[PDB]
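One chain comes next, on its own, written as structure tokens: the form deposited in one PDB entry.
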């Protein structure tokens, strides 16, 4: 086993030069440095470890180091270098699995200060290295009377850089040993720093192999990117911007600008007594000025055309135009129309969301109609922000290849669910919401033209069917012998639950259960029956009383955790520990964790089966993973025949997963073909 790290001149996307690398070999216990002219030797040292069937440890190597080496070997040495997945270990991937209850800076992309809770020390040091090396470099120049620029710290190889590289390997090695010391994931009788790769994956907990495969596949997905229609979104922007301009014009005419106190320093004090008046707006007291300009020779002086008079206080003010985006301005204007706020924020301030704006009633006809214009204005700002003006807008992220390469943390949530960001492709407006069809239609394989034939690609949208309910059915099978599962795939589970609860409409059930599965609040539960927070708790109690199997399930899970805790985690399908924050949240955590893990093994197995059928993964091949949004994946395919094989293979893989984990409810998928995301979902 060897531990390694490299320093290059840029991020994956534009990297072009290898600066240095360091290797620590466990079999010789020595550190070897490789400078730029040693790149070839560095690669040979890695391929040697692969020849021995050994392992290479990188921190965040699945997303950067491994792909970067392939790219740099081709560019600088015209050499083909491809490290096999089975020979690579990533301590960042391991950390996210074993320390899933903690957040991370994600290699310094997120500001430490914003993340809640504590952070793993070694991981924090590795993620802060770049920003640290950058500060050392700056002081270096700042001392030599030089000027700093962009990120010149990465343009050239130097000795400070090498020193940090050596430090990254000693820390990565420290993290590794700390991670391997966890008995739950790595049996104690085995020294994992002295085994070949096959023993390593086979003797460790199943979750270790699964997370590494997911990270490798997701890194490839980030590299593929999601084909994006820049022109379509620019034309959508123009349209939204015009509608915004017009809504603003109408609202600024209905609501006029006013004056607000601003720029006051001294406190206003009652001239009579002297009692300070903290409530009154701050004032200002000029020290210069008078009615007449100071004398400078009976004869009348020359008036002072100055506006202030020493000792004569005033309140500084600013002109403020109605901003439909300000909840304060909206709150200010609606009260001045007859609105009496009901709910306030737990910090002195009236709640003004779409929910309440929908129930606001004022006497003035035009003012009442403006509310609908305000709600429209807010939604338009939301869309404009996400697609064009926000810091993470789509138009700011599109790359030259015409694709958006969104980031994905394979294990960003405690339950094993993945998180998406930069930009978050998991929060694109759905087709059922305003402008959703146009937004969704801009993402799709049709926007990618085949590299050889110039023909657009086709898209396959594949979804796991009612995954959460089936997981629930699975877990209650030891209490009901599969009756709930039998009803889901044979009878009608929704009316079954409609009767279980005291709901008037079947659809009310489809909504009730869905809320029940992710653990919705009593309030939202009440809002389906019309009531609120009252009928809420009531229903949940009536439902369980007529569904004993779920109550038994909830009681046995609680027995597992509470005896004061007996253990503060639940075991996932793959054996990992899933932290449980609250006993009442145990069932939800269990269900959510099962779906996440099933979805993870499913997408992994689907790709492995496609590659075993002879299909090549990538735009230079036959198919490309573009998006994984929890229960669904969007796959680009070179042809319709391939899209049909993908859909069929996904079903096969889903069934393989149910069998693999002895699932007590049949699992299924549904696939749809089309040119883009709007049509494939």
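Basically, rigid core = biggest C-alpha set you can superpose within 1.5 Å across the two forms. Positions refer to the first chain, counted from 1.
Of the other structures of this protein that model both sides of residue 296, a third or more give it no coordinates. Omission of residue 521 is seen in a third or more of the other entries compared for this protein where the adjacent residues are built. The stretch of deposited sequence separating residue 563 from residue 564 contains 10 or more residues lacking coordinates in this entry.
According to the record, the deposited sequence contains 4 to 9 residues between residue 297 and residue 298 that were left without coordinates. Taking the mean C-alpha B-factor of each stretch as recorded, 96-104 and 143-151 are not equal, and the higher mean is that of 143-151.
Per the PDB record, of the two stretches 368-376 and 471-479, 368-376 carries the greater mean B-factor over its C-alpha atoms. Within the listed group 91, 381, 315, 495, the record reports its top CA B-factor for 495.
The maximum CA B-factor among the listed residues 542, 417, 184, 448, taken from the PDB record, is found at 542. Ranked against the other modelled residues of its chain, the C-alpha B-factor of residue 547 as given in the entry falls in the highest third.
Residue 226: CA B factor in the lowest third of modelled residues in this chain (values from the PDB entry). In this PDB entry, residue 68 carries a Cα temperature factor that places it within the lowest third of its chain's modelled residues.
Annotation for residue 577: CA B-factor lies in the lowest third of the chain's modelled residues. In the PDB entry, a CA B factor belonging to the lowest third of its chain's modelled residues is recorded for residue 571.
What comes next is about the form deposited in another entry, which does not appear here.
Lining up the core between the shown form and the other one shows that one residue from 373, 531, 232, 357 moves its Cα 2 Å or more, and that residue is 531. Once the cores line up, the CA of residue 518 ends up 2 angstroms or more apart between the shown form and the other one.
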